[PDB]
Amino acid sequence: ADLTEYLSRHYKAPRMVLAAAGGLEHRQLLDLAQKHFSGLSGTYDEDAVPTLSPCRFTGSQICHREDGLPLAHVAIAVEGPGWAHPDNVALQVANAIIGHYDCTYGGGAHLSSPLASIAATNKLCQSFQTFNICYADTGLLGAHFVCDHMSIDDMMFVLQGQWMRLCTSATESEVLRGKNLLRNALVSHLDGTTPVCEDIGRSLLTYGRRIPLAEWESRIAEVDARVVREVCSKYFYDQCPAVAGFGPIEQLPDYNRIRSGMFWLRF
Amino acid sequence: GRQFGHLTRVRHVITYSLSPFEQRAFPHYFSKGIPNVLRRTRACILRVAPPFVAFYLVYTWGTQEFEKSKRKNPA
Amino acid sequence: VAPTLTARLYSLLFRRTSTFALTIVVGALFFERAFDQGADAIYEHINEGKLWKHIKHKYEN
Amino acid sequence: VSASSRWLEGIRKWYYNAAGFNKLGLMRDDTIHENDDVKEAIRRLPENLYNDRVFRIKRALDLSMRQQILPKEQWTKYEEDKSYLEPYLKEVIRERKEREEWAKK
Amino acid sequence: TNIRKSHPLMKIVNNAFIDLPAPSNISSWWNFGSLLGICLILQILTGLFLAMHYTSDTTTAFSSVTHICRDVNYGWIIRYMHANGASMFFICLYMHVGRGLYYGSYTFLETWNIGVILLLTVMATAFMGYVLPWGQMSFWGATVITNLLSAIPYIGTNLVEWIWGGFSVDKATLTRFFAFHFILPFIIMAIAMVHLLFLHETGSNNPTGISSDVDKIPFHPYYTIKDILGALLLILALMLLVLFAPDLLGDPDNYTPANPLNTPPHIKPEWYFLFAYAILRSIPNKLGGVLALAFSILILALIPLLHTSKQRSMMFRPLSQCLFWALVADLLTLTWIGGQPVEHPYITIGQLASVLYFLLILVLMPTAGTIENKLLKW
Amino acid sequence: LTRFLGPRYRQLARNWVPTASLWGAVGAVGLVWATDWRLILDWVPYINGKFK
């Protein structure tokens, strides 16, 4: 009964999107939509309409100490704006500058990202990744890494130093790299019928439309170093992060020390 | 010296922490504080009070016996 | 209602550490005069007629 | 076995509740001072008893910070105080006494 | 990687005041470590600024001090800071030592024994400082104490006359005490660095006496702000004495110049020496008084050898707590007796309190730890 | 010596000019306040409590 209640409540025609991609004319899809999905209650169910309220973000820390595991996992983030905010483009450019690293990468010391270069040269981690997770009117913006138990402090220091460096003193060339990394990422991802079908379905629920690739290029080309400094400071500088730790995390910095890494006394 | 990451071995212990900019620095300061100070004193008053009371008795007697020893008598 | 005074104090003065310092050094300048002026006024009032500056006018010439 | 041995046990339960480490949830062997013999005995504890010892010490140090104690329901009862470390410490001492007796010859 | 960790200079400051793992539960009795450091610095600054105007000659030693409090700009505030700072120094020293007895910190042998050396050199420093203004108590305090050294057999007088530079406390004694009062606080500060060298080898104890490696926090920001707050209370206590009662702890006789012929009626030390002055006068014999007077402080070096308890801290030892406060009240009795004339009944009380002092430390408190072990069945 | 002559190094100078100008005001106002410099302080409205 709990499951049928969940289905009749949420699997309603105004809340679904039939997406397709590949060799097919839109007519036969719309005909098949009328042929099979017509028998579905829609546009007025009852006085039982779901609505997503806002969700409070809390600066906080959760630390699962477990010294039996050989490598520690750390995820740190601030509050993101949400799906529809135009700031996500500039945030993804800033995250692309910091980028991501793995111990199987070939570049190592010559990588552009200062965090990746230092992480590979001094062997501060096995991997790290930035992320901008989007939800309705909220999100998690930050990074996740995994490293030896004696590298958690150095890794956190270099990570926060790059947030602060971009908040205050981002430069034009590296921002162009972040825009170029994003253009390549966007076109490489929409290669195949299944990625495009996902982009169609998810966008219609979040954006209410398909944002063409030419529009993403317009918003990416608008970003420059000033946009990154303003946009990064709006979400990173002097903000309470949410920290999650797991594994041998004795060397994980105290939250106050992490919170102090979100601003610079020189600025 | 001793460093973090080389101190000791701990397993299966979770710790939840709140940011200081989202909580009060004086949460229930008088509500819970004053009952806890009475508890802390009651739990230690019988350990600390007697010797200082014993001093206060010796201090009072010895000061009384001192003055009355030099005062003259009819002899 | 616009955001509280502490909110406009933060974004306008305390966000940058440089302006956070400029606020303090400027706040230290006016605090010193206002505190020394007020504090001396309390000391002299409590000691009215006893300090030399009160009996000074009697021996002008 | 007799009424007098219950009075010796009676004052031991009095001193136990007067020592007050049961108020923090600790056990008697959690409070022992770590010399070389004690450090070896702790090293020999099985994984479960080591992890239990670590959390009780951690919880008691957290209480000592706040100057708080546990509710009376969660205090360590004198009858339930497990001497989990004494059999290990007795054996470490017995070995050292043997090394010290060979050194005399 | 990080400049704070790899630079040869900053890594010592970083591994001592910033990233040092400290216990999460150390209480206000652990603040007196830093407060002693502040008092030592505070006494050196004011001490130096007084040396820019003080002269170490009998014909002007008394009046040069007067010249400071009257003519020198804010000389009076600098002097009373120095005189009361010494008393605050001894408040903190006695809290610092008492914290170590109660909580078992003396098990750090190297840290503790170097502490005993720090207590002796700070006492010798203040003893020589009190001679410099050359008041009545400055002279006669120096006379009664240095004369005790003549009781040493077969080298007594030769040793006393060598420390004097003559046949009594005189010009030569006043000048060298100034030189020794100058050199020692820097020797003290160096020994206070070795005091920290041996400490950081193990980290701090905590109120429970149980290891805190399972729960450590960085010294910054948690104990940087806690020591700053504690230092602020120290300045409150000092300035209350300087600005509202600068003559409360001092003796009025020291406002009279020295006089080798006229003796004041009651020769009493500062409050932080009364307990040992009482122990001295309670022993009739002269050489016995010196040994008991020296053993009153050197006994601290025996506490690690007289530890019987299976537990480290007295927190879980009620029978030892009562004996601990019996030591404080007995020391508060010797302090009281020290500032009183040697007459009935103070003679008998001072002898009882003197025996109770050494009996508590040597016999009773070790015996309590053994009784406490039996009650816990180990 | 000539490593720091290029587009990026001029962009970095641009980004830190507002900050470096503020620390100069913090140092300047801090120097005037610490020394009671009457040349500058006599022009401030409320700190004219000199009574020459």
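Here the chain labels run A, B, C, D, E and F in written order, and each chain numbers its own residues starting at 1.
Assume contacts are C-beta pairs under 8 Å (C-beta built on N, C-alpha and C of every residue); 3 or more make two chains touch, one makes a residue touch a chain.
**Student:** What is the identifier of the chain with the smallest separation between its Cα mean and the overall Cα mean?
**Tutor:** Most central by this criterion: B.
**Student:** A-F or D-E: which has the larger count of contacting C-beta pairs?
**Tutor:** Looking at contacts between chains, D-E has the larger number.
**Student:** Rounded to the nearest whole Å, what is the centre-to-centre distance of subunit B and subunit C, using the mean of the C-alpha atoms as each centre?
**Tutor:** Using C-alpha averages as centres, the distance is 39 Å.
**Student:** Taking each chain's centre as its mean C-alpha position, how far apart are subunit B and subunit F in Å?
**Tutor:** Taking the mean C-alpha position of each chain, the two centres sit 50 Å apart.
**Student:** Can you check how far apart subunit C and subunit D are, centre to centre, with Cα atoms defining each centre and the answer in Å?
**Tutor:** 60
**Student:** At least two partner chains per residue is the criterion; list those residues in subunit F.
**Tutor:** Touching at least two other chains: 19.
**Student:** Touching two or more other chains, which residues of subunit E qualify?
**Tutor:** 211, 214, 218, 318
**Student:** Going by the touch rule set out above, which residues of subunit A reach two or more other chains?
**Tutor:** Residue numbers touching two or more other chains: 153, 256, 266-267.
**Student:** Taking all chains into account, which pairs touch?
**Tutor:** Chain-chain contacts present: A-B, A-C, A-E, A-F, B-D, B-E, C-F, D-E.
**Student:** Mind listing the subunit E positions that touch subunit D in their complex?
**Tutor:** Contact set of subunit E toward subunit D: 23-25, 104, 107, 206-212, 214-215, 309-312, 315-319, 372, 375-378.
**Student:** Give every residue of subunit A touching subunit C within the complex, in rising order.
**Tutor:** 237-238, 263-267
**Student:** Which of the residues in subunit C come into contact with subunit A in the complex?
**Tutor:** Residues in contact with subunit A: 15-18.
**Student:** Which of the residues in subunit A end up touching subunit F in this complex?
**Tutor:** Residues 168-173, 225, 229, 266-267.
**Student:** What part of subunit B is in contact with subunit E in the complex they form?
**Tutor:** Going by the criterion above, the answer is residues 1-4, 7-8, 10, 44, 47-48, 50-52, 54-55, 58-59, 62, 65-66, 69.
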